[PDB]
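Each chain is listed here by its residues.
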Amino acid sequence: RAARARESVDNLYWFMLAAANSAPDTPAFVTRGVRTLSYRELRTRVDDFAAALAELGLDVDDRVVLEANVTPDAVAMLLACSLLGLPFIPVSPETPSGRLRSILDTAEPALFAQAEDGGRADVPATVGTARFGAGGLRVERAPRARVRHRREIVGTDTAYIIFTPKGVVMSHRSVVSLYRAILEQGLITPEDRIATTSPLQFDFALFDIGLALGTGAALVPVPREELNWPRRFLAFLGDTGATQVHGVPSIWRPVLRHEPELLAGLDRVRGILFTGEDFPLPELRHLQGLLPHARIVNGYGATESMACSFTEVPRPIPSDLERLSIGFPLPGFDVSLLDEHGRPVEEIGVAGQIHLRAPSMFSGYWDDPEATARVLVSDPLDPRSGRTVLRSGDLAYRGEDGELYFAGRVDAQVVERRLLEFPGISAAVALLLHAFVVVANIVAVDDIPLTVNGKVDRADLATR
Amino acid sequence: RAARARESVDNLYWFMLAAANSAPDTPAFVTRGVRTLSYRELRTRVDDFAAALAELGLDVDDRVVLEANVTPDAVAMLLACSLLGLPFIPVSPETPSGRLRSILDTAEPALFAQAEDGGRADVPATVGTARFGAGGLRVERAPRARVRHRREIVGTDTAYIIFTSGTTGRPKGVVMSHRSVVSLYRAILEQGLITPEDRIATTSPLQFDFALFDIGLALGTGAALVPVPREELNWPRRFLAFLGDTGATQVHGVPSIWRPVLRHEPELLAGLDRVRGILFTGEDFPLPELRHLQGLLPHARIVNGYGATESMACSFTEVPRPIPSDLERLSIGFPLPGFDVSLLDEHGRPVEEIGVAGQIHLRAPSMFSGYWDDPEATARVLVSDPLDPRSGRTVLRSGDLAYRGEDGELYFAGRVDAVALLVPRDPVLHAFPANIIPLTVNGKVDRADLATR
Ligand SMILES: Nc1ncnc2c1ncn2[C@@H]1O[C@H](COS(=O)(=O)NC(=O)C[C@H](N)c2cccc(Br)c2)[C@@H](O)[C@H]1O
Ligand SMILES: Nc1ncnc2c1ncn2[C@@H]1O[C@H](COS(=O)(=O)NC(=O)C[C@H](N)c2cccc(Br)c2)[C@@H](O)[C@H]1O
Ligand SMILES: [Ca+2]
Ligand SMILES: [Ca+2]
């Protein structure tokens, strides 16, 4: 009686668990005492969680809030939700009760699921509650009864919604389409062990989980506690055998400050990937210098396409490089640089708004058709087809070879990188005009404050 | 300097020519003296046409009107247009000059291409003109010079635009992405309807996506396409001789292709012991005519194909063998795996009651991008899913009514907005019931033509 996505249909369950068919006994997870979990045991876990979820009688398109960080149990849950066409809303357990309530009021999910050891209480009675562990999914309060209307699950069904409220809706066809494009460009192999640092509510964790499991590689989730302490973090990457380290630039700040020598001892790290914001070039030159046998990739993209471009940094980085390239869109992705009037910008070095044609496009903003119509727009180069493109809110310019350079947001123009030129300045935040700098008004500080997702907390700086 | 779609990107060129890599010397076409064309020779033809097209400096999304029927040359052209991200507008050569001008005014194509022997003259000077043959693509009048802005071709780029007249007299251009078409080709290749050993008799004009279905299904599989010329079709003897001499194993056509053959040559039709399959779509197959065709070819599986241009297709259901004599109407069955139908009432609420008619709302991976230059029409048809109105997920509001049986099978129950005609003012009920068949170019009942009596 529960709809299950068929093998022939774009769905996270089939995409991420292909390796259970082809290599059941290869490790899918490495966690902490270093233990592996097989693709086979991972799949059995997804299936058990799916059986328990199926019994609740949720229709396809019914929403499950998933409060957890990147764990084998949290990934088995989102894959079980995926199989049953139940869109997952990932929420980090470090989210204030206030912001979870706001998500629960807009999303109106049928079910809220957290870990057995998780400590969320005071979820309202309108929403069902459950708890997951390797033992199984245990229901505290059953969702209200309903009639199931959807017969079959399809590729355009919603896989996940990312809330910041702003809810980016993403189809299984869209996510899998990005996973395929980056598997094509050959960024990692089944032999790799991917250190992922992002919280689960940030699609960079969904990228890392999908990239890894889709390839047949092992995921190495780094808990936030291990991450906070430079020596704890490096010992974690060491003990788990990480070959690839994925994170926002900020994961490196403490280790470059307090433990440069020890970071130079990650003899097994073949790669580093970052996205989310500019990597300060001084910090980036230092990390490259200490790990010379590690490929470093600049990943550019937004939640509404999951991602867009992946560009290897020059090795070494030119010491008077003004800006890093965000390179070329993935095969099957295409960027126009349009001026204020939607006209192409064919002049090298002139900034225009990135308009993205992608096979990984979001379905829309949850319950916000007016916002959707401002962002997901008629292709200005083919306005009559009804083709839509992402109006990105990102400015960029091209070099002589057609490479892109991120030039900040349209909405932020009303200094950072000309302070990075000054000796001893390793990271600089300017906002509206104060400036805050890591060594009108200018305040030197120790570290920059971070959002939960690990970006420059500009709002927090604004208030001091 | 021209953009070419990459191998990894949903595109008709790579989808339809994969067999040139894996089986270059298997036949892709059988035509009439019975001659084959290999996947290898087909590809060489597409590649030559692509080199010639590339020289015209067309940008990705620039439109090429293709006036032709299903020929090896016409298919090589649409695959070369495909590779270069140039959307093809297929037009039947028996289209009045008046209707071609209407398409040319809306579509504002950069190029109009026809066969060497084709006889369209005085195409306007605003549009480039060319002619194709085995010899090559020859440009009479070159398209305007322009600046190429598109760097890369993507799966969501427009493969083809199908132009008919809407329910008003306004041009109706169904825009279809490469990702959308290839997605349907894959779903029907999955269901295993034909094999590389099959020879597909295709009857549709090129301007009807049933020809695009047949071309794609066949070439995508590695099978052989058997295009039936329109003249040979109209004369029943010539038609059956053609199916016989070409070794056709599958016959694709609207029901009307059978009317003449069942009238004048039933016993000759019974001679095609090589036909394993028949496929039809476009309208109801009259049961008497269908029982007659079944009777004459008892070793032929017959499939009921249901769908519209805006998803290319939807469902494929075997007609029962034999047809139980007490059948009210044929089942249009179950949507293809990865396709899904809701039956909604007038208020967008689900219809869970067996035998009650609702409007088909279709969730499909083969959805059209929109109606050419008609965003208001697009918003009436490509609508917010009434079962998930907040996601921004969209469904096809089909304009078809249907109902379900005991087992959840579908039955077509006609149009929401609606041979027995209802000519309006109470609508008077004529038939050809108060008082008591001409064909559209695509081979359907010309209801409009009967209405004028
Ligand atoms: N590489 C850069 N240099 C500079 N500015 C960047 C870069 N990457 C982004 N950004 C900025 O961050 C915005 C986007 O924010 S987001 O929607 O929260 N998503 C993200 O941050 C992460 C994004 N989904 C993602 C996830 C996985 C892999 C990749 Br590859 C990308 C972009 O619009 C840019 O303004
Ligand atoms: N099998 C039926 N029983 C009864 N009524 C049918 C059937 N198939 C359609 N129709 C009608 O024709 C309409 C649609 O018209 S259309 O856009 O010109 N497309 C078509 O005719 C053909 C359609 N693209 C197609 C092409 C190839 C294969 C298949 Br499988 C389907 C549908 O809305 C239906 O009303
Ligand atoms: Ca254009
Ligand atoms: Ca629903």
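Residues numbered from 1 in each chain as written, not as in the entry; some residues may be left out. Chains lettered and ligands numbered in written order. Heavy atoms only, no water.

- Method of determination, as given in the entry header: X-ray crystallography; reported resolution: 2.6000 Å.

1. With respect to the site of ligand 1
All names here are of chain A.
Part 1: Every one of the 22 residues lining ligand 1 counts as a neighbour, but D203, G299, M306, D394 and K455 are closest to it.
Part 2: Note that an oxygen atom of ligand 1 is positioned 3.1 Å from one of the backbone N or O atoms of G276.
Part 3: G299 places a polar main-chain atom, nitrogen or oxygen, 2.7 Å from a nitrogen atom of ligand 1.
Part 4: In the complex, the protein chains occlude 91% of the 710 Å² of accessible area that ligand 1 would expose alone.
Part 5: Elements supplying a minimum of two residues to the shell around ligand 1: α6 (203-215), β14 (295-300) and β21 (404-409). (Near = heavy atom within 4 Å. Polar contact = N/O pair within 3.5 Å; in protein donor to acceptor, adjacent residues only side chain to side chain. Areas by Shrake-Rupley, 256 points an atom, 1.4 Å probe, with all protein chains shown as cover. Helix = DSSP H or I, 4+ residues; strand = E, 2+ residues; numbered from the N terminus.)

2. As for the domain arrangement of chain A
Residue and element names in this part refer to chain A.
Part 1: On domain assignment, one finds that chain A holds domain 1 (12-170), domain 2 (222-412) and domain 3 (416-462).
Part 2: The partner domain 3 presents 16 residues to the 14 residues of domain 2 that form the contact.
Part 3: For the pair domain 2 and domain 3, the summed buried surface comes to about 1,200 Å²; carbon and sulfur atoms form 48% of the total.
Part 4: Viewed at the interface, domain 3 and domain 2 are joined by one salt bridge.
Part 5: Counting across the interface, domain 2 meets domain 3 through five residue pairs in polar contact.
Part 6: For the side of domain 2 that touches domain 3, the secondary structure elements donating two or more residues are α9 (253-258) and α11 (281-290). (Domains from an automatic or database assignment. Contact = heavy atoms within 4.5 Å. Buried area = accessible area lost by both parts, 1.4 Å probe. Salt bridge = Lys/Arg side-chain N within 4 Å of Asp/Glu carboxyl O.)

3. Focus on the coordination of the calcium ion (ligand 3)
Part 1: Around the calcium ion (ligand 3), the protein contributes the donor atoms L381 of chain A (O), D61 of chain B (OD) and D61 of chain B (OD), which lie 2.5 to 2.8 Å from the metal centre. Of this pair, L381 of chain A sits in the loop between β19 (376-378) and β20 (388-398) while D61 of chain B sits in the loop between α2 (39-54) and β3 (64-67), placing the two residues on different chains. (Donors = N, O, S within 2.8 Å, 3.2 Å for Na, K, Ca; no water.)

4. Quick word on the interface of chain A and chain B
Part 1: Facing the 42 residues of chain A at the interface are 42 residues of chain B.
Part 2: The junction of chain A with chain B conceals about 3,600 Å² of combined surface from both sides, 47% of it contributed by carbon and sulfur atoms.
Part 3: For the pair chain A and chain B, the interface holds eight salt bridges.
Part 4: Linking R393 of chain B and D157 of chain A is a salt bridge whose minimum nitrogen-to-oxygen distance equals 3.0 Å.
Part 5: On inspection of chain A and its partner chain B, the count reaches 19 residue pairs in polar contact.
Part 6: Residue assignment for the side of chain A that touches chain B shows that the elements contributing at least two residues are α5 (172-184) and β18 (364-365) of chain A.

5. Section: the pattern of salt bridges
Part 1: Counted under the stated rule, the structure contains 55 salt bridges over all chains.
Part 2: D62 of chain B is the salt-bridge partner of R146 of chain B, the closest N and O atoms lying 3.1 Å from each other. Linking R146 of chain B in the loop between β7 (136-141) and β8 (158-165) with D62 of chain B in the loop between α2 and β3, this pair joins segments that are 84 residues apart in sequence.
Part 3: Here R146 of chain B falls in the partly exposed class, since its relative accessible area comes to 30%.
Part 4: Among the salt bridges present, the one from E94 of chain B reaches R230 of chain B, with a minimum N-O distance of 3.2 Å. Taken together, the positions of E94 of chain B in the loop between β4 (88-91) and α4 (97-107) and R230 of chain B in helix α7 (residues 230-234) put the pair 136 residues apart, joining distant regions of the chain.
Part 5: One salt-bridge network, in which partners are shared between bridges, spans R150 and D157 of chain A together with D340, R363, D385 and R393 of chain B. (Buried < 20%, exposed > 50% of the residue type's maximum accessible area, 1.4 Å probe, protein only.)

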